[PDB]
Amino acid sequence: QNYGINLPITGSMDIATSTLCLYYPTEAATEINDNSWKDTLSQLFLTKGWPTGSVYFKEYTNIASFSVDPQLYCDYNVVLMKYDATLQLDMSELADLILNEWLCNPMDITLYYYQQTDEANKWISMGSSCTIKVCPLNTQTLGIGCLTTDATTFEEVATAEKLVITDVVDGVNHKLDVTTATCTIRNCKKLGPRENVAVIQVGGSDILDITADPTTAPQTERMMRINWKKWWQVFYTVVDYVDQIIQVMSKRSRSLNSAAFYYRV
Amino acid sequence: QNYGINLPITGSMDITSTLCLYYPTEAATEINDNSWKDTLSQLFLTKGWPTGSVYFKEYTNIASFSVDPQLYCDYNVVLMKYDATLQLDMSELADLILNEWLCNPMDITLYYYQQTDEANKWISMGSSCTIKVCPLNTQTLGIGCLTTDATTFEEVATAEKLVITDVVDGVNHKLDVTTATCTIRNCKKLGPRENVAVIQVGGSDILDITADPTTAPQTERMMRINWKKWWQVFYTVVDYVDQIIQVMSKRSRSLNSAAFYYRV
Amino acid sequence: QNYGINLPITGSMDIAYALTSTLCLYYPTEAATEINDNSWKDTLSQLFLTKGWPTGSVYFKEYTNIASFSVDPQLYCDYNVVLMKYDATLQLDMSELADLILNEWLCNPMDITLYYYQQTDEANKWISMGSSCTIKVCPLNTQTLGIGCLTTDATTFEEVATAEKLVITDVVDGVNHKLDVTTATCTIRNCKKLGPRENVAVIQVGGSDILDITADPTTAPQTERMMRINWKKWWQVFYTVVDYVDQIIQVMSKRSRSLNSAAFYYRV
Amino acid sequence: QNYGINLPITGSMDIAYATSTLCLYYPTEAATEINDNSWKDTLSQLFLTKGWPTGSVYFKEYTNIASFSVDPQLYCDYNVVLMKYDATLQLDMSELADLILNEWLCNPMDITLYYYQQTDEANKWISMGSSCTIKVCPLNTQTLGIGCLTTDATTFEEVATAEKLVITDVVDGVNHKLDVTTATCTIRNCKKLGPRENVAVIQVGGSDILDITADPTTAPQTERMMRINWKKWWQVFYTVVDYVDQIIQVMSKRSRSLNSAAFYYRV
Amino acid sequence: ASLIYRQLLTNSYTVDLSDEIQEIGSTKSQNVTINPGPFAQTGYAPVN
């Protein structure tokens, strides 16, 4: 029934299947220029100690394109993202979305308004092209810096973005204008952290921020930073220390519907 | 509070949510109206569902509804038109939508797959699936079909939007499915999914939600009525919504009790 | 003795406790055309005599078509067994006929020219019988106005039938419904399902059994009075019926409304 | 089971103890004399005052009393029929009153294949249809007619002719032969059951002529028979609606039937 | 000092009149019914 979630547990101070996934850019695949590296990695994982039949692969055309409703495909996910001086925000937001869980609702921006009433209520935008425009409203439902009867004088927050997390002043109403033909926006609540996917950044210094709070932008015990020159060295290093990554992660947060975010109407 | 661990439950013997509906486009063409959704919403308001809480989504065919048929709705009722040749389609669609499925994607040209127990099947979907299987021996030698032969395989499914394939467990097999129009994932059945109820118009209660020959349980969530006009069916559904909602309960995974137990 | 008052009945378990019938059959005319004989009724009477029931009191009636039998059935008998031909295109006809002949309906007339109507129970169903019935209905909310159809007109109604010989209809409880039907040929009655009727049993002479007897989609049980057998020749069906006449008599019983003691309970 | 026919109940003496439709039947003569298109809704509104909710009042027309006597239909838990006296149709009124007032359980009969006779001093013959001309010929012990011939059916004693409803009383202990019209009439042997309190008769005009029983000596006038004077049908309707309480008290809805006909048919 | 809640609960019917006060001053709006459903397709006649 309720699994005894309200019944206190008690221990003592006297008592003394699995799957693996890898996510890589197609640039590495072109650099390797081989059609059997999958076999090599599979056999190396088999020899290291992880039984064969539990290692798969997946590729994306670009970092932003992979963010179009990202999915999960294993009970263990190790994702590698290339570093750049321009795609910092996309990497950070994608890591924030795929590092935790979410509970979203469908939203309509032509028949009602919306508001956020906590520090964990955010709006998630995903699609091939999102153009979000938001106009704040006061108590008497008037226009402040933008006209309700018009739709060309709002405040810009997105421009041809494939993934953007928007936050407004929590506790006030808004009117949203967006081309819903190709992109949708969902009101979500961050229930808690997810312990099934670990993000490893290759390139420069650690820059991934998972908290919109300025005062606290911490680094978790799962985001890794390794320098790289050739992708084969990175693959060998990851295979070499697989047990540590397995231990720091967990297998008790598998999603049954294989979706990075839950979508309840 | 506490999750992840089951604890003994003890007790004493002595002492308004969303609902989605689905329908064929043929019904809408046979009704010839556009405010009908609003009328049924008002009738639900009279029956005890607050206005602004009942949704309606429209598909064109059972095959179209079969690709990515994920129902995300606290209480789901599905109307299915009974055909004369789509018995497999209806049966496997009901089986997929009635059981909680945990799936692992499979690369089709890198590994050789098998099955663990009798509660394991292969769920496949796509525009067109042409699945071929060749059971190898224990010594990597083909039996009636060669590993590098693409013509002698035993055909099992062709041009099917939704196909559930089961093979004999205990020995490996080779798979060759076109991963441009189809995708096959290793799925394991956990238990009954009680958030979906299906009302079948026409037919004779043939949908078998289990491939086992010996057993053929008729789960109560497969209702059967006969139709001539769609307004009659909609009126019957709306009038007796209480019985349908009493048949179903809260989803076993939406509540914060299956969290960290393959949640949702 | 006292009638019309439900009283406790005394009983016991240590006391050691453990014909004159009138049979009737209804069959379609295609059986009579196929058998190519007209003296078969004498053979059936003799066979019934062999089993033990007296002759002379057994009556037989024919109906031209299942639609002809559908309109205004006549049932004045003691053990009704009806043979209904099965089809894969006319399921609703068999369902409605068996439902009507299986349960007692206390009905009142309906005047849809000077009144409105609404339901108050789960046994409230609307039965239309006639030669050309086309029920046209427009729901009215609590404010007595049309939703999805204008009360002023009648062609814009959402129909539930079209020239049906018989149609059983149910409407959403708690709301009014304005009706417009051509009363010159068809009649609509408001009936309530009081209880089961054991005086009539239906044998589905055909294939896939599809009968439902309940208006709610949640439950579609298979009652014992509903018999079903395969068929290629009607003489085989008659032989099977006469051989198992004892089982049919045991599963059925005398009508629960004409026991000569259940008076003032809506019958006798 | 047997519905409490073995255990009598007990009460007390010194202790202190101190959807329901109604049908209306009226001839078409009133429908032509009133000259009102929407009179039915007004009558329903008037009946609303006396506690009847809307949806329980009906209005049915019949062309002629004798024609209406063919296949009577009971449509409510309370039936009141407005019948107009005629100076030369007393027997038809008496037959209709007898047929509607008391319950009837009839047995099937076919004179062309069998002979029939009354079993007691309380069972008669009832025939209904468009035209019913019935002739009776007694037969002696050796099956020979007295006053009529077995071979010829024209010399029989005529008892019915040019009638819509025929209620014939016959002697007991002797067989009979009937040359009935087996096409435009239906004849059933019936046994009288008892007093039914589901109907009442309101007579406009006449001088209280209703013999509800075949007994010549006892011609009772039960409390459910009422007479009022008429010159305009609106006055009659107002009188009926002005005393619905009394006619409700004189009736009871626990005598309602199931079948459309006012008489059961157990074959 | 419990009388505040009891008087709030008891003498709370006259507030109904307040509705009228807002209803009298305000301006309402009624609209005719829109023709629903699909529309029949009908073009011209063949031309020469």
# chains A, B, ... in the order shown; residues from 1 in each chain; ligands from 1
>>> closest_atom_pairs(of="chain B", to="chain E", cutoff="7 Å", atoms="only C-alpha atoms", output="CSV")
residue,atom,partner,partner_atom,distance
B:32,CA,E:37,CA,6.4
B:33,CA,E:37,CA,4.2
B:34,CA,E:37,CA,4.3
B:35,CA,E:36,CA,6.4
>>> interface_residues(of="chain C", to="chain B", cutoff="10 Å", atoms="only C-alpha atoms", output="ChimeraX atom specification")
/C:88-93,95,122,139-142,146-149,156,158-162,168-175,208-212,214-220
>>> residues_around(residues="range 157-160 of chain B", least_positions_apart="5", cutoff="12 Å", atoms="only C-alpha atoms", output="JSON, numbers by chain")
{"B": [62, 63, 64, 66, 67, 86, 88, 89, 92, 93, 123, 124, 125, 126, 127, 128, 129, 130, 131, 132, 133, 165, 166, 177, 178, 181, 182, 183]}
>>> atom_distance(atom1="CA of residue 193 in chain C", atom2="CA of residue 86 in chain C")
25.6 Å
>>> atom_distance(atom1="CA of residue 84 in chain D", atom2="CA of residue 126 in chain D")
22.7 Å
>>> residues_around(residues="range 100-105 of chain D", least_positions_apart="3", cutoff="6 Å", atoms="only C-alpha atoms", output="PyMOL selection string")
chain D and resi 97+190-196+263-264
